[PDB]
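Peer 1: Next one to model:
(5 chains)
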Amino acid sequence: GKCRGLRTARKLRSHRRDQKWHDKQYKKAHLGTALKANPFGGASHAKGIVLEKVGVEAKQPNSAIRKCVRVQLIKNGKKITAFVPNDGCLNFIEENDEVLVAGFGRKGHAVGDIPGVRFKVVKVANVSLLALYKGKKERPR
Amino acid sequence: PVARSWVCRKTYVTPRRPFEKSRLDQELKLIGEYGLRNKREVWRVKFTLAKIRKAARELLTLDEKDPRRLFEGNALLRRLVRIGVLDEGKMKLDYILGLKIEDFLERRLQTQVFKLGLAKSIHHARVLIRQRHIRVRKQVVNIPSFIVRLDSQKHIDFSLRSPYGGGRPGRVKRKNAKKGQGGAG
Amino acid sequence: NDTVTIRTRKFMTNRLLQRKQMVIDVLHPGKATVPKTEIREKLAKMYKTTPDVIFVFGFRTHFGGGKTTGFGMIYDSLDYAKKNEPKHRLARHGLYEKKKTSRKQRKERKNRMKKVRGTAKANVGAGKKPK
Amino acid sequence: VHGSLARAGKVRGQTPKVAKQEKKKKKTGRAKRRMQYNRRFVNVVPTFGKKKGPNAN
RNA sequence: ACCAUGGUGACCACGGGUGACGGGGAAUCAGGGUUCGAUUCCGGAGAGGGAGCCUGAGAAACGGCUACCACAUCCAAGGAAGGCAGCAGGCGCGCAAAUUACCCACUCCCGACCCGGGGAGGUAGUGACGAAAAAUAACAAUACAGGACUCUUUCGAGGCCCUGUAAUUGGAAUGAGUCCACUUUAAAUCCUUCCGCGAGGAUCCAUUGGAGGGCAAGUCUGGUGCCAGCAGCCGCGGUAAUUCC
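Peer 2: Residues are numbered from 1 along each chain as shown, chains lettered A, B, ... in the order given. The relevant structure is shown in the block below.
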């Protein structure tokens, strides 16, 4: 049973502030270690240079190779992998360009069947990835 | 710092769930039977019809002869009596709860210029109002959503600078008297 | 001239400023917005002075033509029109000369005098030969 | 092999290119709402078939 | 200075953290609440970091001074001068933010003051942060397809309304644009007003995403064959894919 009497509002309010540390979405937003750990550092997008193309293999029901990179950032530089979210657009990016990696859709969890990628590539070399795919823009000369 | 205004509010409202098929069909046949441009200006007048029904239904949980129910409630009703959506002899705070969306779309300028006979084919009324032909008494207005009152409801007409009330024809009648008189007599 | 009618309203005279001030609305059906000097001679034949003390301004055409409206005023005299009048509307019909430097020069002139003390023979010729 | 890391953009580079031809423009805005208020609502279709949708083939 | 041994604490002291300036407020919206509040209003704090003063009614002032620390300018090498968290601007950091423009005309302020000054503030340029109005066509004569209206009837087609082909036109239709003149303002710009030009693919060209289910819309054709790819989720792909291109 719980408390109910016209004097226990210290007990109930103290019982609530320490039991809120047991769901995740309060704990990762108010403990501080979860944002000193994500590569974005609490932002929405990040530029970083491309180190190495890597092709990861999709989950067991499926069977394909998902095209990925090994971007190392400029803001407090950290090693991440990022997905190139289109059909032919890995062929646009080359060695040590700068790309604007974004979030990938469900808040730092992997979407789809790519095992453990967290980020996707938009805007390689300051031109948009959809613009390259649609023939709007190109690489510099 | 600045003498700027800083104050604005949204006029329309987005629906709570989208893509439900029974809504956007019965809300489609308002877009054509009163002749509108998009569903924002249905969502406009829905939010207008919403907050009146919010205000009126708040006035029913009050006890009778409450001083702000008598003031603000009666000033509400004469505000939608002067605009011609609510007929005057039946003024109650209960008949307003029966008012629907279809009666605000009748009191626009854009369809009080169709039924008055000044235009046909309701989509043509937008081609006449916005294209600067139709006035209210001494003020020509190119606005479809001009909610015309009941007082200045007899005085919708074409204007005096307008072609339909004056002259000095536009660039196509002047061209038609030029296309025969530009290379010969 | 033909159909340009000068109504006015909210008339007020004062011996505080020796002016007669009133709100002008001009009703013109089929013209452009009439000039300021086309109207200020028409108040010369309504309040019976000469069109020298009539200053009209702030004309604002309503949407669709017809009634533009403004504010205008009439002093009692021209020596009253010089004292209690702002210098820009006195220059609407040329009666005051304000053609000075830009204010960027006048500041730098003031900051260049600031670095020279006392020497009145050089407090005025503080970089006025280099033109 | 099973598409290891090469031939990225395989099916895009070898689809044949059919040209995007042209029609009369679609009406925009208010007149576009007129032409589909007419198509769905004012025109009672006398034929049946469990009222098949507007993109049927 | 001389005596007294006190004070606070599980009713959370003390120490730590804060991505902590506080508030009027803002987003949310059944009620209870959740979360934001650097930011024009009130109050506080500080001008690179700490410190010390002068004048003055009011400053421990920094577009005041002295000193150290830190950063940095000129030098003829003896010395000198620095403090944009003011306005513009520059570099740098970054996912991420405007012109080295005009004027005290307005709102106020200061002064010995009806007169001077004010990057306070005002005006414009940038401005798809955001909010409000609102174009990209409308009527026709055929015309082809439907409607309780037509014959004493599923005869025969309609003199009658609505739609869409596909038209041919048109005409007191007009704007975006062009451009005089006013008006507008301190001066201008806009906006409104108004001459004059300005629409038949009005080519004067509306896009961004979707079309298995959630979730509104194709089992249409071609290509690729667990490949390339898609897919927030369930899933779709291995030679006829309603899901890729």
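
Peer 1: How about the residues of chain D by chain A?
Peer 2: Neighbours of chain A within chain D, by Cβ under 8 Å from any Cβ of the partner chain: D:2, D:3, D:4, D:5, D:8, D:9, D:11, D:12, D:13. Every C-beta, even on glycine, is put in place using the N, C-alpha and C of the backbone.

Peer 1: who wins for neighbours among those residues?
Peer 2: Of all the residues of chain D next to chain A, the most densely surrounded is residue D:8 (20 neighbours; neighbours counted as other Cβ atoms under 10 Å in any protein chain shown).

Peer 1: what residues are up against residue C:13?
Peer 2: If you count contacts by Cβ atoms under 8 Å, 6 or more residues apart in numbering or on different chains, residue C:13 has them with C:19, C:20, C:21.

Peer 1: same deal with residue C:22?
Peer 2: Listed by Cβ under 8 Å, 6+ apart, the contact set of residue C:22 reads C:8, C:9, C:10, C:11, C:12, C:71, C:72, C:73.

Peer 1: quick one: stretch A:57-72 near chain D?
Peer 2: Yes - Stretch A:57-72 lies within reach of chain D by Cβ under 8 Å from any Cβ, at A:63, A:64, A:65, A:67.

Peer 1: Name the residue of chain B that lies nearest to chain A.
Peer 2: residue B:18 (20.1 Å; Cβ to the nearest Cβ).

Peer 1: doesn't residue A:10 fall inside a helix?
Peer 2: Yes - using DSSP: H, G, I helix; E, B strand; the rest coil, the assignment for residue A:10 is a helix.

Peer 1: Residue C:24 should be in a strand, yeah?
Peer 2: Yes - under three-state DSSP, residue C:24 falls within a strand.

Peer 1: Any buried residues in the lengthiest helix in chain D, and which?
Peer 2: Ranked by residue count and defined by DSSP state H, the top helix of chain D is helix D:30-37. For helix D:30-37, burial by neighbour count (16 or more other Cβ atoms under 10 Å in any protein chain shown) applies to D:30, D:33, D:34, D:37.

Peer 1: cool, stretch B:100-107 as well?
Peer 2: B:104, B:105, B:107.

Peer 1: Which ones among those residues map onto strands?
Peer 2: Assigned to strands by DSSP state E, none of these qualify.

Peer 1: With distance to residue B:5 as added columns, please give those in CSV.
Peer 2: What follows is these, written out as CSV (distance: Cβ to Cβ, whole Å):
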residue, distance to residue B:5
B:104, 28
B:105, 30
B:107, 29
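
Peer 1: Give the full set of residues in contact with the most centrally placed residue in chain B.
Peer 2: Geometric centre of chain B, nearest residue: residue B:108, 2.6 Å, by Cα atoms, centre = their mean. For residue B:108, the contacting residues are B:34, B:144, B:145, B:146, B:147, B:148, by Cβ under 8 Å, 6+ apart.

Peer 1: Surely the first one touches residue B:112?
Peer 2: No - using Cβ atoms under 8 Å, residue B:34 makes no contact with residue B:112, being 11.2 Å away.

Peer 1: list residues touching both of these two?
Peer 2: Common contacts of residue B:34 and residue B:112 (Cβ under 8 Å, 6+ apart): residue B:106.

Peer 1: burial of the residue of chain B closest to chain A, as a residue count?
Peer 2: So residue B:18, with other Cβ under 10 Å, has 8 neighbours.

Peer 1: which outside residues touch stretch B:46-56?
Peer 2: B:11-13, B:73, B:76, B:80, B:93, B:96-97, B:99-101, B:104.

Peer 1: I meant to write stretch A:93-102 there.
Peer 2: With contacts defined as Cβ under 8 Å, 6+ apart, stretch A:93-102 is touched by A:44-51, A:53, A:69, A:71, A:73-74, A:80, A:82, A:84, A:119-126.

Peer 1: Quick check: residues of chain D near RNA strand E?
Peer 2: D:2-3, D:7-12, D:14-16, D:22, D:24-31, D:34-35, D:38-39, D:42-44, D:46, D:52-57 (Cβ under 7 Å from any atom of the strand).

Peer 1: which SS state does residue C:72 fall under?
Peer 2: Classified using three-state DSSP, residue C:72 is strand.

Peer 1: OK, contacts around it?
Peer 2: C:8, C:21, C:22, C:24, C:39, C:40, C:43, C:54, C:55, C:56, C:57.

Peer 1: How about the secondary structure of the first one?
Peer 2: The three-state label given to residue C:8 by three-state DSSP is strand.

Peer 1: quick one: which of the residues of stretch A:57-72 next to chain D has the most company?
Peer 2: Neighbour max across the residues of stretch A:57-72 next to chain D (other Cβ under 10 Å) = residue A:67, 24 neighbours.

Peer 1: How far off centre is the helix or strand it falls within?
Peer 2: Using DSSP states H and E, residue A:67 maps to strand A:65-69. Taking Cα atoms, centre = their mean, to the nearest Å, one finds strand A:65-69 lying 15 Å from the centre of the chain it belongs to.

Peer 1: Can it be said to contact RNA strand E?
Peer 2: Yes - if you take Cβ under 7 Å from any atom of the strand as the test, strand A:65-69 does meet RNA strand E, through A:65, A:66, A:67.

Peer 1: returning to what we had before: which among the contacts of stretch B:46-56 count as buried?
Peer 2: B:73, B:76, B:80, B:93, B:96, B:99, B:104.

Peer 1: All the strands of chain A, residue numbers only.
Peer 2: A:45-49, A:54-57, A:65-69, A:72-73, A:82-83, A:98-103, A:119-122.
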